[PDB]
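Following: one structure in structure tokens, then a few remarks.
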Amino acid sequence: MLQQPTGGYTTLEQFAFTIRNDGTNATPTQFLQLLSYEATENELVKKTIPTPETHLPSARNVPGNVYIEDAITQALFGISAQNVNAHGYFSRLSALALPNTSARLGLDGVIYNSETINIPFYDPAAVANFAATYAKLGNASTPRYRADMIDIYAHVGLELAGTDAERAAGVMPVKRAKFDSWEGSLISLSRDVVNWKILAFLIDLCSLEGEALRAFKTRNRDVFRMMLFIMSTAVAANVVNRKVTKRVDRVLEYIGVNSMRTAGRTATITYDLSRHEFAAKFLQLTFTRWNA
Amino acid sequence: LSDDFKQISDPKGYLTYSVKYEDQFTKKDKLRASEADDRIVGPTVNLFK
Amino acid sequence: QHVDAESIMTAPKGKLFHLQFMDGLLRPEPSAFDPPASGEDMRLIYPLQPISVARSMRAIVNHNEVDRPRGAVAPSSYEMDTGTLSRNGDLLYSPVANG
Amino acid sequence: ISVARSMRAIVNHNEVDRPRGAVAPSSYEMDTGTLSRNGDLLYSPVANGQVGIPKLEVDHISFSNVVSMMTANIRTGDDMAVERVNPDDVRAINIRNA
Amino acid sequence: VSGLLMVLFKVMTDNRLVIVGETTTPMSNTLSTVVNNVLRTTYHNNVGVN
Amino acid sequence: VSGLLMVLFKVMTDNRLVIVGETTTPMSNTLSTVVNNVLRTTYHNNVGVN
Amino acid sequence: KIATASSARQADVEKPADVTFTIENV
């Protein structure tokens, strides 16, 4: 068991989040510098996020080692992820949420039901905290519990596109993102984000408190903004190239507006409706936690 | 001598792997092991195709 | 095989029912141009307990060319451990750590 | 005259010497570098610092290149089909307004 | 349940005694290194699966 | 000169779209090291010359 | 035996793309 550092697991260099910038490694923050925004006439007012349902999926015992990290990252960032709403993985997740469970979440992101000493794993109190909320991803599909798939993205815009004045205001113009870019810039960016061990991120988000958690939200704002970026590219109504002085500039329109696009395209990853429900629920929980 | 034992070669286990295939899936690239590596690794690979 | 609800409610106790359960994981994505389904596939029968106890492995194909499909099952490590004979003769797994 | 000539006298003088006037292939025939940031072909960088020269920029012939390609046929056979559904009454149609 | 007894019985009475069958001794160079690291000189020609 | 135009024309109108053909994935051990250093996993069964 | 000379040029093989029915990924 890896004891959690006072600043969270993400302080460890083992969990550094990085993305290739036309093939060279870079911090997410230095990618976000590339983005620039042409505002349009429309506005995004952020609605209050409804408080997430208390009901966790039942902690039913299941065969095998469930791979929770790959499941989440694929459902959010992978190219055509499948069976993202299958119940078994989150059944095991809620099993992790029990006060004295035998299950462990390894740094591999796999949930081993054994007390397997050979593989290092996160501190059980921390993952209990983490599953205690994220098991709710299991009710992304159930009609009773579906998150708003439209208004929630307003928040995404603010946390990505939004200037500090716009963020404190809670309202921003709908924006058109753009950056100097390579072929497959958006796809490859997603491929880099998908390899992120976001379990370290979510576990730190759920287990850290007070000054440590605040320092975490400040230190990791750009990371969260990158994941948000990948979602916005999955839902952007249109994504195109603008040649300018022998330099292509990728353009995504629009940030903060879920188009509910489901059909696949070359430019970016795409959400089928099940992926829409999943991501929307994900954002419901994650933003609820982020704004506390 | 008493026939206390049933001497045999190449024993069968109490358990065996079974395996169901969806035949529409097939890797396009065709792997080419050396004949020796095919002699050892092969019965496994044909089963878990 | 098929099982009407009538038969499930009226089959004699002590008879072994033989239910069948699809693993839909190896179902390739629908053509973009296939007509929408107006209706809905439904289901009545479910297990109360895990069924795939006998299952060693699952979905031996690639999502993408590099990702694993969700729900894919790798073989257990013990399937491959072939350790040693004990001091007396009995089979053993390899030591977990050096000690 | 021998502008088209890539190579010459593929035999050994002695068993180890080159025949006088023998022509080795140009290095660019074998460079197969990479695609540019935008897509275009390039030779490999000459030194660690400099960026690789576009293959189309210069007069050498390069007989190896990275060709992008689809993994399988794009004609799957799932041709798009629609449901056209006519106006109910021809008189009722609103021709008007643009 | 009957099946289990006749499994157990058929195992309690399993008096097979192994004899080495046909074997092969591949030269190291013939094998890809990942296989040579698993192979231990000789092996039965009827490898099972694993 | 006519030839050059019809070369240029025949190139301006070259709308071929490549699809992967038959491929092979030689195991590393089968290849002499100088070839394995050039080969990148899979390759077309119809290698050209170089 | 008289000395002789010969020519060669690399063969074309550019077929229309095959229509396979199999698929490699889920």
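In the structure tokens, chains take letters A, B, ... by order of appearance, with residues numbered from 1 within each chain and ligands from 1 in the order shown.
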
Task: 6 Å contacts from chain B to chain E using only C-alpha atoms, as a ChimeraX atom specification - done: /B:5-10,37,43-44

Task: Distance-based interface of chain B with chain G, 6 Å, counting only C-alpha atoms, as a ChimeraX atom specification - done: /B:24-27

Once you count only C-alpha atoms, what closest atom pair and distance in Å to one decimal does each residue of range 107-181 of chain A within 9 Å of range 205-211 of chain A have, with rows by chain and rising residue number, as a Markdown table?
| residue | atom | partner | partner_atom | distance |
| --- | --- | --- | --- | --- |
| A:125 | CA | A:207 | CA | 7.9 |
| A:126 | CA | A:207 | CA | 5.1 |
| A:127 | CA | A:207 | CA | 7.8 |
| A:128 | CA | A:207 | CA | 8.7 |
| A:129 | CA | A:206 | CA | 5.7 |
| A:130 | CA | A:206 | CA | 5.2 |
| A:131 | CA | A:206 | CA | 8.8 |
| A:132 | CA | A:206 | CA | 8.7 |
| A:133 | CA | A:206 | CA | 8.0 |

Generate a file of the selected residues that holds N, CA and C atoms, formatted as a short mmCIF file (atom, residue, chain, number, x, y, z; two decimals), in the first residue's frame.
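What follows is the written file part_11.cif:
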data_model
loop_
_atom_site.label_atom_id
_atom_site.label_comp_id
_atom_site.auth_asym_id
_atom_site.auth_seq_id
_atom_site.Cartn_x
_atom_site.Cartn_y
_atom_site.Cartn_z
N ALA A 125 -8.60 3.92 2.75
CA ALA A 125 -9.49 5.00 3.19
C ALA A 125 -9.73 5.99 2.06
N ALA A 126 -8.67 6.26 1.30
CA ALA A 126 -8.73 7.19 0.20
C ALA A 126 -9.63 6.68 -0.93
N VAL A 127 -9.46 5.41 -1.31
CA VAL A 127 -10.30 4.85 -2.37
C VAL A 127 -11.72 4.59 -1.90
N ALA A 128 -11.91 4.48 -0.59
CA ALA A 128 -13.25 4.36 -0.05
C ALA A 128 -13.90 5.69 -0.31
N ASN A 129 -13.17 6.76 -0.03
CA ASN A 129 -13.69 8.10 -0.28
C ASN A 129 -14.00 8.28 -1.76
N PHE A 130 -13.12 7.77 -2.61
CA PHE A 130 -13.21 7.96 -4.06
C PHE A 130 -14.37 7.21 -4.69
N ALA A 131 -14.50 5.94 -4.33
CA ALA A 131 -15.60 5.12 -4.81
C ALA A 131 -16.91 5.62 -4.25
N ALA A 132 -16.85 6.23 -3.06
CA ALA A 132 -18.05 6.66 -2.35
C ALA A 132 -18.82 7.62 -3.21
N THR A 133 -18.11 8.32 -4.09
CA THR A 133 -18.76 9.20 -5.06
C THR A 133 -18.75 8.61 -6.47
#

TODO: Find the residues of chain D in contact range of chain F, meaning any atom within 6 Å when counting only C-alpha atoms, and list them as an MDAnalysis selection string.
DONE: chainID D and resid 69:72

TODO: Go ahead and compute the interatomic distance for CA of residue 181 in chain A and CA of residue 21 in chain A, in Å to one decimal.
DONE: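 Taking CA of residue 181 in chain A as the start and CA of residue 21 in chain A as the end point, the length is 8.7 Å.
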
Task: Interface, chain A side, toward chain D (10 Å; only C-alpha atoms) as a list in words - done: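 Listing them in order of chain and number gives residues 22, 23, 181, 182, 183, 184, 185, 246, 247 and 248 of chain A.
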
Selection file, N, CA and C atoms, as a JSON list (two decimals), in the first residue's frame:
[["chain", "number", "residue", "atom", "x", "y", "z"],
["A", 22, "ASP", "N", 2.65, 18.27, -30.72],
["A", 22, "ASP", "CA", 3.21, 17.87, -32.01],
["A", 22, "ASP", "C", 4.36, 16.89, -31.79],
["A", 23, "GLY", "N", 4.15, 15.96, -30.87],
["A", 23, "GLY", "CA", 5.07, 14.85, -30.63],
["A", 23, "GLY", "C", 6.11, 15.01, -29.54],
["A", 181, "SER", "N", -1.58, 23.90, -34.94],
["A", 181, "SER", "CA", -1.80, 22.48, -34.75],
["A", 181, "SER", "C", -1.25, 21.60, -35.86],
["A", 182, "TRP", "N", -1.02, 20.35, -35.48],
["A", 182, "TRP", "CA", -0.57, 19.30, -36.35],
["A", 182, "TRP", "C", -1.74, 18.43, -36.79],
["A", 183, "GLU", "N", -1.48, 17.54, -37.74],
["A", 183, "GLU", "CA", -2.45, 16.53, -38.12],
["A", 183, "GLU", "C", -2.77, 15.68, -36.91],
["A", 184, "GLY", "N", -4.05, 15.38, -36.73],
["A", 184, "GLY", "CA", -4.50, 14.47, -35.69],
["A", 184, "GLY", "C", -4.19, 15.02, -34.31],
["A", 185, "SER", "N", -4.15, 16.34, -34.21],
["A", 185, "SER", "CA", -3.77, 17.00, -32.98],
["A", 185, "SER", "C", -4.75, 16.65, -31.88],
["A", 246, "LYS", "N", 0.96, 29.48, -44.02],
["A", 246, "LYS", "CA", 1.62, 28.17, -43.98],
["A", 246, "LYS", "C", 1.65, 27.58, -42.57],
["A", 247, "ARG", "N", 0.60, 27.84, -41.81],
["A", 247, "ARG", "CA", 0.41, 27.24, -40.50],
["A", 247, "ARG", "C", -1.06, 26.98, -40.30],
["A", 248, "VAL", "N", -1.42, 25.70, -40.21],
["A", 248, "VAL", "CA", -2.80, 25.34, -39.93],
["A", 248, "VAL", "C", -3.15, 25.71, -38.49]]

Task: Filtered DSSP result for range 39-71 of chain A, state strand (DSSP E), as a PyMOL selection string - done: chain A and resi 39-45+66-67

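The two atoms in question, CA of residue 18 in chain D and CA of residue 62 in chain D, are spaced 24.3 Å apart.
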
Residues of chain C that approach chain B to 12 Å or less, counting only C-alpha atoms: could you list each one with the shortest pair of atoms and its distance in Å to one decimal, rows by chain and increasing residue number, as JSON lines?
{"residue": "C:22", "atom": "CA", "partner": "B:20", "partner_atom": "CA", "distance": 11.9}
{"residue": "C:23", "atom": "CA", "partner": "B:20", "partner_atom": "CA", "distance": 10.8}
{"residue": "C:24", "atom": "CA", "partner": "B:22", "partner_atom": "CA", "distance": 10.7}
{"residue": "C:25", "atom": "CA", "partner": "B:22", "partner_atom": "CA", "distance": 10.5}
{"residue": "C:26", "atom": "CA", "partner": "B:22", "partner_atom": "CA", "distance": 7.2}
{"residue": "C:27", "atom": "CA", "partner": "B:22", "partner_atom": "CA", "distance": 9.0}
{"residue": "C:28", "atom": "CA", "partner": "B:25", "partner_atom": "CA", "distance": 9.2}
{"residue": "C:54", "atom": "CA", "partner": "B:17", "partner_atom": "CA", "distance": 9.4}
{"residue": "C:55", "atom": "CA", "partner": "B:18", "partner_atom": "CA", "distance": 9.1}
{"residue": "C:56", "atom": "CA", "partner": "B:17", "partner_atom": "CA", "distance": 8.1}
{"residue": "C:57", "atom": "CA", "partner": "B:19", "partner_atom": "CA", "distance": 8.9}
{"residue": "C:58", "atom": "CA", "partner": "B:19", "partner_atom": "CA", "distance": 9.4}
{"residue": "C:59", "atom": "CA", "partner": "B:21", "partner_atom": "CA", "distance": 9.3}
{"residue": "C:60", "atom": "CA", "partner": "B:49", "partner_atom": "CA", "distance": 7.4}
{"residue": "C:61", "atom": "CA", "partner": "B:25", "partner_atom": "CA", "distance": 7.4}
{"residue": "C:62", "atom": "CA", "partner": "B:27", "partner_atom": "CA", "distance": 9.2}
{"residue": "C:63", "atom": "CA", "partner": "B:25", "partner_atom": "CA", "distance": 11.4}
{"residue": "C:64", "atom": "CA", "partner": "B:27", "partner_atom": "CA", "distance": 11.8}
{"residue": "C:65", "atom": "CA", "partner": "B:27", "partner_atom": "CA", "distance": 9.8}
{"residue": "C:74", "atom": "CA", "partner": "B:48", "partner_atom": "CA", "distance": 11.8}
{"residue": "C:75", "atom": "CA", "partner": "B:48", "partner_atom": "CA", "distance": 11.2}
{"residue": "C:79", "atom": "CA", "partner": "B:17", "partner_atom": "CA", "distance": 11.0}

Open item on the list: Select, as number ranges by chain, those residues of chain D with any atom no more than 10 Å from chain C (distances computed using only C-alpha atoms).
Closed with: D: 76-83
